[PDB]
Amino acid sequence: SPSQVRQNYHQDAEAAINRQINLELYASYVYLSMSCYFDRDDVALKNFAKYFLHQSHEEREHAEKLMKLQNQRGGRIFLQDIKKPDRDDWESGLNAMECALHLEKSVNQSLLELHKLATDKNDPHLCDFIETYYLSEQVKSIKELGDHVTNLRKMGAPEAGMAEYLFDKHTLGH
Amino acid sequence: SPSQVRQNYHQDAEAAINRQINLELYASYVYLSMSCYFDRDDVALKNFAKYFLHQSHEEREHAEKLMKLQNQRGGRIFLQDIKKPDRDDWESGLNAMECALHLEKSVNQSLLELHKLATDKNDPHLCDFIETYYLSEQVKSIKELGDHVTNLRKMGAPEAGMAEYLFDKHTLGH
Amino acid sequence: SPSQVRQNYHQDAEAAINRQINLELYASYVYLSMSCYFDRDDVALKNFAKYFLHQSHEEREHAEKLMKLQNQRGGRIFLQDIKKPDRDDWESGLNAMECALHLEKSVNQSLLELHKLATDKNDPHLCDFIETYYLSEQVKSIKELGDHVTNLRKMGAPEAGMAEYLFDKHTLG
Amino acid sequence: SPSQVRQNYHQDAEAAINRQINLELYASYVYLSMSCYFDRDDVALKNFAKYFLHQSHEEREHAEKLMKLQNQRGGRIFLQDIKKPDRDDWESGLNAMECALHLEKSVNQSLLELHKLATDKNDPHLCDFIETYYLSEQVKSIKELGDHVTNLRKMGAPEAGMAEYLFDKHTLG
Amino acid sequence: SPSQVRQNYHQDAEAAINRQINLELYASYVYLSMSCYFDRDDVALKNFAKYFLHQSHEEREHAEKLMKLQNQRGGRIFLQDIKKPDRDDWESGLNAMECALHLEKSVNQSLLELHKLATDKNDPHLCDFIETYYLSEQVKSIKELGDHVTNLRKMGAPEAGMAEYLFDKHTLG
Amino acid sequence: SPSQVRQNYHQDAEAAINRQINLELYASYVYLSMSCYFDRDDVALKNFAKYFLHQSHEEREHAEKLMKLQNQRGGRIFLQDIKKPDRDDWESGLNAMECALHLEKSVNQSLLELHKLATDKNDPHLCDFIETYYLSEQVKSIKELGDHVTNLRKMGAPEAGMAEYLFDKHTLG
Ligand SMILES: [Fe+3]
Ligand SMILES: [Mg+2]
Ligand SMILES: [Mg+2]
Ligand SMILES: [Mg+2]
Ligand SMILES: [Mg+2]
Ligand SMILES: [Mg+2]
Ligand SMILES: [Mg+2]
Ligand SMILES: [Mg+2]
Ligand SMILES: [Mg+2]
Ligand SMILES: [Mg+2]
Ligand SMILES: [Mg+2]
Numbered sequence: 005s006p007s008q009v010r011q012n013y014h015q016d017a018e019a020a021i022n023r024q025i026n027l028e029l030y031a032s033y034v035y036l037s038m039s040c041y042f043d044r045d046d047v048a049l050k051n052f053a054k055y056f057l058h059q060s061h062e063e064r065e066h067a068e069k070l071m072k073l074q075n076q077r078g079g080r081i082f083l084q085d086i087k088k089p090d091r092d093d094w095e096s097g098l099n100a101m102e103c104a105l106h107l108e109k110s111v112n113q114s115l116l117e118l119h120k121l122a123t124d125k126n127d128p129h130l131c132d133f134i135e136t137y138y139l140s141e142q143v144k145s146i147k148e149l150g151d152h153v154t155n156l157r158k159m160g161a162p163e164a165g166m167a168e169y170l171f172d173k174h175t176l177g178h
Numbered sequence: 005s006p007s008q009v010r011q012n013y014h015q016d017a018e019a020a021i022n023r024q025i026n027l028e029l030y031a032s033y034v035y036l037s038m039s040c041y042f043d044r045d046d047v048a049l050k051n052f053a054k055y056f057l058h059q060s061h062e063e064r065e066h067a068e069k070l071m072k073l074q075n076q077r078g079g080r081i082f083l084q085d086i087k088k089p090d091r092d093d094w095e096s097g098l099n100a101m102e103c104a105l106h107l108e109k110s111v112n113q114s115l116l117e118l119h120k121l122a123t124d125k126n127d128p129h130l131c132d133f134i135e136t137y138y139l140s141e142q143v144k145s146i147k148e149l150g151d152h153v154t155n156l157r158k159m160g161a162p163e164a165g166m167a168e169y170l171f172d173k174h175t176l177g178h
Numbered sequence: 005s006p007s008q009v010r011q012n013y014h015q016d017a018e019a020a021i022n023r024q025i026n027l028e029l030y031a032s033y034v035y036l037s038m039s040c041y042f043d044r045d046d047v048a049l050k051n052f053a054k055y056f057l058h059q060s061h062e063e064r065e066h067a068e069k070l071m072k073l074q075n076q077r078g079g080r081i082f083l084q085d086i087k088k089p090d091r092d093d094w095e096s097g098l099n100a101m102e103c104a105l106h107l108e109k110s111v112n113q114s115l116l117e118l119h120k121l122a123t124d125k126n127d128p129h130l131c132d133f134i135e136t137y138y139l140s141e142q143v144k145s146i147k148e149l150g151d152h153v154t155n156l157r158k159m160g161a162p163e164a165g166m167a168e169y170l171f172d173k174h175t176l177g
Numbered sequence: 005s006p007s008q009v010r011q012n013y014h015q016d017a018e019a020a021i022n023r024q025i026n027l028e029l030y031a032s033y034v035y036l037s038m039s040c041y042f043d044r045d046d047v048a049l050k051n052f053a054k055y056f057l058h059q060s061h062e063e064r065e066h067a068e069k070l071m072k073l074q075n076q077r078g079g080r081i082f083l084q085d086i087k088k089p090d091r092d093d094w095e096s097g098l099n100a101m102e103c104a105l106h107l108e109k110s111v112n113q114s115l116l117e118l119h120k121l122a123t124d125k126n127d128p129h130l131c132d133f134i135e136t137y138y139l140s141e142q143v144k145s146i147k148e149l150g151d152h153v154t155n156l157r158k159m160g161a162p163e164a165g166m167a168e169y170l171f172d173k174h175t176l177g
Numbered sequence: 005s006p007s008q009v010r011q012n013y014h015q016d017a018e019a020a021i022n023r024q025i026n027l028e029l030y031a032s033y034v035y036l037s038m039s040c041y042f043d044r045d046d047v048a049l050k051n052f053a054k055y056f057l058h059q060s061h062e063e064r065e066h067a068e069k070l071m072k073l074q075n076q077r078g079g080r081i082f083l084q085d086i087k088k089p090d091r092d093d094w095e096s097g098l099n100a101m102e103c104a105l106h107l108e109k110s111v112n113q114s115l116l117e118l119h120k121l122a123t124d125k126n127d128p129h130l131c132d133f134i135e136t137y138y139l140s141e142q143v144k145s146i147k148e149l150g151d152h153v154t155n156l157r158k159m160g161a162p163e164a165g166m167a168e169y170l171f172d173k174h175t176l177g
Numbered sequence: 005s006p007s008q009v010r011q012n013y014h015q016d017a018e019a020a021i022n023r024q025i026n027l028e029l030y031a032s033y034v035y036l037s038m039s040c041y042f043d044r045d046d047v048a049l050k051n052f053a054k055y056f057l058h059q060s061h062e063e064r065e066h067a068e069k070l071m072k073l074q075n076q077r078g079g080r081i082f083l084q085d086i087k088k089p090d091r092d093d094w095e096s097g098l099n100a101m102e103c104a105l106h107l108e109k110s111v112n113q114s115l116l117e118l119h120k121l122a123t124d125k126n127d128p129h130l131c132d133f134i135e136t137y138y139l140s141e142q143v144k145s146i147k148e149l150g151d152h153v154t155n156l157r158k159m160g161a162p163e164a165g166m167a168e169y170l171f172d173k174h175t176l177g
C-alpha cells in the first residue's frame with residue numbers, strides 16, 4: 005500500500021500538510037480579493053492592489069511547494085474546496101492591512117501546529133522543511149504588515165484622506 | 005448607486021463575468037490537481053507535470069484579467085468558493101489530456117454563452133474583449149489538446165508503457 | 005459618386021463618421037482649454053497642464069484616424085466648425101477631471117451609437133475598426149479619469165490645498 | 005461523427021470556408037498570371053511584375069491561413085480545381101490594376117457574405133478571425149489599388165507612353 | 005484686478021493674442037482639410053497629403069506657443085469657435101498650393117498688424133517674441149509655397165497629368 | 005509576330021514548357037493537400053505537415069522559374085486549370101510519402117520527355133536549364149522520399165503506432 009519512497013512520514017503529518025495546502029490557497033484567494041478591491045475605480049490605490057496581488061502569488065507558491073513536499077515524502081495530495089473570503093468590501097487601506105496581519109498570524113498558528121505535530125512524530129526532515137521555507141518568511145511578513153498598520157494609523161488613516169494616498173506612493177510605490 | 009465609470013454595462017453581463025471568473029479559477033485548480041498527479045513518484049512524468057502547472061498559471065491569468073475588466077467597466081467583483089476537482093487520481097497521461105480537452109470545451113461553452121449575452125445587450129466592448137483575449141486562445145488550446153490526445157492514442161497509451169514516457173520527452177519537453 | 009473603392013458602406017455610416025470626426029476634434033479643443041487653464045500663473049499645476057495637453061493631442065490623432073477611415077471606405081469628409089468649450093475657467097484640478105470624465109463618456113456614448121449604426125447596416129469592417137481603435141481606448145480612459153477623480157476627492161480636493169499639488173507630483177509626475 | 009475539437013462550428017461555415025479557400029487560391033493565380041505578363045520582353049515593367057508576384061504570394065498565405073482555421077475548428081478541407089484566369093493578355097499596367105481592383109472587390113464581397121454567414125450562426129470566433137485577418141486587409145488593398153488606378157489615369161496611361169514606365173519606377177519601385 | 009505677473013502687457017495686445025490664436029487654429033484646420041483631400045482614392049497624392057498634414061501640426065504648435073505667451077504675460081485665454089474652411093474640395097495640388105499661399109499671407113498680415121500694435125504700446129518683449137518665432141517663419145513659408153506654385157505652373161499643372169504626380173515624388177518626397 | 009528575343013526556340017518546346025508549368029503547380033497543390041491532412045487534429049503530425057508545406061512552396065518556385073524561362077526565350081505563357089488532387093484523405097504518414105514518391109517520379113518522367121524534346125530540336129540552352137535546375141533536384145528528392153518510405157516501413161508504419169510519431173520527431177524534426 006505505502007509509496008516506495010515513503011519513510012518516517014506519519015499519516016497525521018500527511019493529513020496536516022493537505023490541510024496546510026488548503027490554507028495557503030485560501031490565503032492566496034484572500035489576497036486576490038483585497039487586490040481587486042483596491043483596483044476599483046472608487047478605491048483606486050494601484051500600489052495597494054499590486055502589493056496584494058504579489059502577496060496572492062506568493063501564497064500560491066507556498067501551496068505548490070507544500071504539494072511538492074507531499075509528493076517527495078510519498079504522501080498523497082487531497083484537494084478541498086477553497087472557500088471564498090469572509091467579505092468582498094475591504095473598507096480601506098488600513099483595514100485591508102489589519103486583516104492581512106490577522107490572516108498571516110492565523111497561517112503562522114497553523115504552521116507552528118504543524119511543526120509541533122512533526123516534532124511529536126520525530127520527523128526532522130519535515131521540521132527542517134517547515135523551518136527553512138515557511139517560518140522565517142511568516143515572521144518577516146507579520147513584522148512587515150505590523151509596520152504597515154502602524155504607519156497608516158499614525159498617519160490618520162482612513163479618515164485623513166491624504167494618508168492612504170501618500171502611503172500608496174511612498175511605502176508601496178516603493 | 006452605479007459606478008461613476010459605468011456605461012452600457014448590463015447587470016447580467018456583470019453577473020456573468022463573476023461566474024466566468026469562478027470558472028477560470030476552477031480550471032486553474034483542475035490543472036494544478038493534474039500537475040500534482042504527474043509529480044507523484046508512482047507516476048513520475050515530469051513534463052506532463054510542468055505542462056499542466058503552466059496551464060494552471062495561465063487560467064489564473066484568465067481569471068485576473070476578467071477581474072480587471074470587471075473593475076474597468078464599473079461592475080463589482082463577487083467571489084465564490086472554488087470547488088475542488090471531481091477526483092484526485094487522473095489515471096494516465098492520456099486520460100488527463102482527454103479531461104483537459106473536455107474542460108477547455110466546457111470553458112469555451114461558457115465564454116460563447118457570455119458573448120451571446122454581450123451581443124444581445126449590445127455591448128460591443130465586452131464582445132471585443134472576449135474575442136481578443138479569450139476565444140482564439142480557447143480554439144488554440146482545444147486544438148492542441150486534441151492533437152495531444154490523438155498522438156497518445158495512436159502511440160498505444162496507456163497500455164503501451166513507452167508511449168507516455170516518450171510523449172513526455174518529445175512533445176512536452178520542447 | 006460612388007467612389008471606385010466604395011463597398012458596403014452606407015451613407016448613414018458616412019454621415020455618422022463625419023459627426024464623430026467633429027466630436028473628436030471638439031474633445032481635442034476642450035482638453036486644450038484645460039491645459040491652458042492649468043498653465044495659468046494663478047493655477048500653476050504643470051503636470052495637470054501636460055496631462056491635458058497630451059490628451060488633446062491624442063484626440064486630434066483619433067480625429068485624423070477617422071478621417072483616414074472615411075477616405076479608405078470611399079466616403080467623403082465634410083468638416084464643420086469646431087465649437088468652443090462651454091467655459092473658460094475650469095476652477096480646479098478635481099473639477100477639470102470630472103468634466104474630462106463626463107467628456108469621455110459623452111464621446112464613448114457617441115461611439116457606441118456609431119457602432120450600433122454600423123451593426124444595423126451590417127458593416128462588419130466599420131464595427132471592427134471602432135472596437136479595435138476606439139472602444140477599448142475609451143473604456144481605459146474612463147477608468148483612469150474615474151480613478152483620478154476618486155483620489156482627488158479622497159484627498160480633500162479642492163479645499164485641502166495640498167491635495168492637487170501632491171497629486172500633480174505623485175500621480176501626474 | 006464530428007471531430008473531437010469541433011465546437012460551435014456549423015456545417016455551412018465549414019463549406020463556406022472551403023469555397024473561400026478556393027477563391028483565395030484563384031486570386032493568387034490571377035495575380036501570378038499578371039506578374040507573368042509584365043515580365044514579357046514586350047511589356048517589360050519589372051516592378052509591375054514584382055508587385056503582382058508579391059500579391060500572388062500574399063493571396064496564397066490567405067488561402068493557407070483559412071486551411072489552418074478549418075483544421076483548428078475541426079472542419080475538413082475539400083480542395084477543388086483552381087480555375088485559370090479569364091485571359092492571358094492583361095493589356096497594360098492600368099488595365100491590370102483595374103482588373104485587380106475588381107478582383108479584390110469580388111473577394112471582399114465573398115468575405116462579407118462569409119461574415120454574414122458566421123454572424124447568422126452565432127460564431128463569434130469565426131467572425132473575429134475574418135475581421136482580424138481578412139476584412140481590414142481587404143479594405144487596405146482596395147484603397148491601394150484605387151489610388152494606383154487613379155494615378156495611372158491622371159498620368160495618361162496607357163496612351164502616354166512615359167506613364168507606366170515612370171509609375172513603375174516611382175510608385176512601384 | 006490683474007495677474008501678479010502682468011507688467012507692460014496691454015489689454016489690446018491680450019485681445020489681439022486671442023485672435024491670433026484662433027487664426028493659427030483655423031489655419032491648422034485648413035491644412036488638415038487639404039491633407040484629407042489628397043488622401044482621397046480619386047486624388048491619391050500621398051506626399052501632398054503628408055506635406056499639408058505636417059503644415060497642419062506646425063500651425064497648431066503656433067497656436068500653442070501663443071497660448072503659452074499669453075499665460076507667461078498674465079493674459080487670459082478666451083477660445084472661440086474654429087470655423088470650417090471655406091470649401092471641402094481643393095481641386096488640385098496647384099490650387100491647394102495657391103490657396104495655401106493666400107492663407108499664409110493673410111496670417112502674415114495679421115502678425116504684422118499684431119506687431120504694429122505691440123510697437124504702438126511699447127511692448128518690446130511681444131515684438132521680439134513675434135519676430136523670433138513667427139515673422140521669419142512666415143516669410144520662409146511664403147517663399148516656399150510661391151516656389152511650389154511656380155514649379156507646378158511651369159510643369160503644366162493640373163492639365164498636364166504627369167505634373168502633380170512627379171512633383172509629389174520629387175519635390176514633396 | 006515572333007518575339008524580338010526569340011531564337012532557336014521551337015513551338016513544341018514552348019507548348020511543352022506550358023504543360024510542365026501546369027504540372028509543377030499541380031505538384032504544389034498535391035503537397036499542400038498533404039500538409040493540410042497532417043495538420044488535422046485526428047492526424048496531428050506537425051513535422052509531416054511542415055515538411056509537405058515546404059515541398060509545396062518549392063514546387064511553386066519550380067513553376068515560377070519555368071514561367072521566367074518561357075518569357076526569357078520569347079515564348080508565351082498560357083495557364084490552365086490546376087486540377088485538384090485525386091483525394092482528400094492521405095491515410096497515413098507512410099502512404100503520403102509513397103504518393104509523394106510516385107508524384108516526384110511522374111514529374112521527373114515529364115521533365116525527361118521535355119529534355120528529350122529539347123534535345124530533338126537542338127535547343128542546348130533549354131537542355132542546360134533543365135539539367136541545371138530540375139533534373140538533379142528531382143533525383144535528390146526521389147532518393148530522399150525513397151529513404152523516408154524505407155524507414156517508415158522498416159519501422160512498422162502505420163500499424164505500429166509509435167512509428168510515425170517517432171519519425172516525425174527524429175527525421176522530420
Ligand atoms: Fe509627499
Ligand atoms: Mg503562506
Ligand atoms: Mg529542530
Ligand atoms: Mg481559461
Ligand atoms: Mg462583433
Ligand atoms: Mg477619443
Ligand atoms: Mg485574400
Ligand atoms: Mg474583432
Ligand atoms: Mg502659423
Ligand atoms: Mg529682436
Ligand atoms: Mg518540381
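Chains as they are written, first to last, in UniProt numbering: chain Y, 5 to 178; chain P, 5 to 178; chain L, 5 to 177; chain Z, 5 to 177; chain S, 5 to 177; chain R, 5 to 177.
For every residue, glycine included, the Cβ atom is placed at its ideal position computed from N, Cα and C.
#1: For the structure I just gave you, are there three or more beta carbon pairs, one from the region 116-132 of chain Z and one from the region 9-28 of chain Z, closer than 8 angstroms?
#2: Can you check whether the CB of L29 of chain S is closer than 8 angstroms to the CB of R64 of chain S?
#3: Just list the beta strand (DSSP E) runs in the region 74-127 of chain P, keeping only unbroken ones of 3 residues or longer that don't cross its boundaries, in chain order.
#4: What is the rounded straight-line gap between the Cα of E62 of chain L and the Cα of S32 of chain L?
#5: Within 7 angstroms: the Cβ of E63 of chain Y and any heavy atom of ligand 2?
#6: List the residues of chain Y whose Cβ lies closer than 7 angstroms to the Cβ of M38 of chain P, in chain order.
#7: Using the Cβ count rule (16 or more neighbours within 10 Å means buried), how would you classify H66 of chain P?
#8: Mapping DSSP to helix, strand and coil, what is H152 of chain Y?
#9: Is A48 of chain L near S39 of chain L, with beta carbons less than 8 angstroms apart?
#10: I need the boundaries of the alpha helix (DSSP H) containing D16 of chain P, first residue and last residue.
#11: Can we count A31 of chain L as close to ligand 6, meaning its CB is less than 7 angstroms from some heavy atom?
#12: Would you call the region 121-133 of chain Y and the region 92-109 of chain Y touching, i.e. three or more CB-CB distances under 8 angstroms?
#13: Can you find a C-beta in chain S that's less than 8 angstroms from the C-beta of residue 4 of chain Z?
#14: Starting from the Cα of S110 of chain P, find the closest Cα among P:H58, P:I146, P:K158 and give me that residue.
#15: Are the C-beta of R77 of chain L and some C-beta of chain Z separated by less than 8 angstroms?
#16: State yes or no: is the C-beta of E28 of chain Y nearer than 7 angstroms to some heavy atom of ligand 2?
#17: In angstroms with no decimal places, state the Cα-to-Cα distance between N155 of chain L and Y169 of chain L.
#18: For the putative contact between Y41 of chain Z and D93 of chain Z, defined by C-beta atoms under 8 angstroms, what is the C-beta separation to the nearest angstrom?
#19: Is there a Cβ of chain L sitting closer than 8 angstroms to that of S140 of chain Z, yes or no?
#20: Hey, is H66 of chain R close to ligand 11, as in C-beta under 7 angstroms from one of its heavy atoms?
#21: What is the chain-ordered set of residues for which the beta carbon lies under 6 angstroms from any non-hydrogen atom of ligand 5?
The relevant details are as follows:
#1: yes
#2: Here residue 64 of chain S refers to the residue found at position 60 of the fifth sequence. Here residue 29 of chain S refers to the residue found at position 25 of the fifth sequence. Cβ atoms of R64 of chain S and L29 of chain S: closer than 8 angstroms.
#3: none
#4: Here the question's residue 62 of chain L lines up with position 58 in the third sequence. Here the question's residue 32 of chain L lines up with position 28 in the third sequence. Roughly 8 angstroms separates the two Cα atoms.
#5: As a position in the first sequence, residue 63 of chain Y is number 59, starting the count at 1. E63 of chain Y Cβ: within cutoff of ligand 2.
#6: Translated into positions along the second sequence, residue 38 of chain P becomes position 34. Those do not exist, as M38 of chain P stays about 11 angstroms from chain Y at its closest Cβ, beyond 7 angstroms.
#7: Start at 1 with the first residue of the second sequence, and residue 66 of chain P comes out as number 62. Looking at its Cβ environment, which holds 16 or more other Cβ atoms inside 10 Å, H66 of chain P is buried.
#8: As a position in the first sequence, residue 152 of chain Y is number 148, starting the count at 1. Helix, per DSSP.
#9: Numbered from its first residue, the third sequence carries residue 48 of chain L at position 44. Numbered from its first residue, the third sequence carries residue 39 of chain L at position 35. The answer is no: Cβ separation not under 8 angstroms.
#10: Along the second sequence, one-based indexing puts residue 16 of chain P at 12. Run containing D16 of chain P: 15-42, per the alpha helix (DSSP H) assignment.
#11: Start at 1 with the first residue of the third sequence, and residue 31 of chain L comes out as number 27. Because some heavy atom of ligand 6 lies under 7 angstroms away, the Cβ of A31 of chain L counts as near it: yes.
#12: no
#13: Since the first residue of chain Z shown is 5 and the last is 177, residue 4 of chain Z is not available in this structure.
#14: Along the second sequence, one-based indexing puts residue 110 of chain P at 106. Residue P:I146 is the option with its Cα nearest to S110 of chain P.
#15: Working through the third sequence from its first residue, we reach residue 77 of chain L at position 73. It does: the Cβ of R77 of chain L has a partner Cβ on chain Z nearer than 8 angstroms.
#16: Residue mapping note: residue 28 of chain Y aligns to position 24 of the first sequence, counting from 1. At least one heavy atom of ligand 2 is nearer than 7 angstroms to the Cβ of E28 of chain Y, so yes.
#17: Along the third sequence, read from residue 1 onward, the residue named residue 155 of chain L stands at position 151. Along the third sequence, read from residue 1 onward, the residue named residue 169 of chain L stands at position 165. When rounded, the distance between both Cα atoms is 13 angstroms.
#18: Reading the fourth sequence from its first residue, position 37 is the one you call residue 41 of chain Z. Reading the fourth sequence from its first residue, position 89 is the one you call residue 93 of chain Z. 7 angstroms between Cβ atoms; contact.
#19: As a working mapping, residue 140 of chain Z is identified with position 136 in the fourth sequence. Yes, its Cβ sits closer than 8 angstroms to a Cβ of chain L.
#20: For the purposes of this step, residue 66 of chain R is identified with residue 62 of the sixth sequence, where counting begins at 1. Under cutoff, so the answer is yes.
#21: P:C131, L:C131, Z:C131
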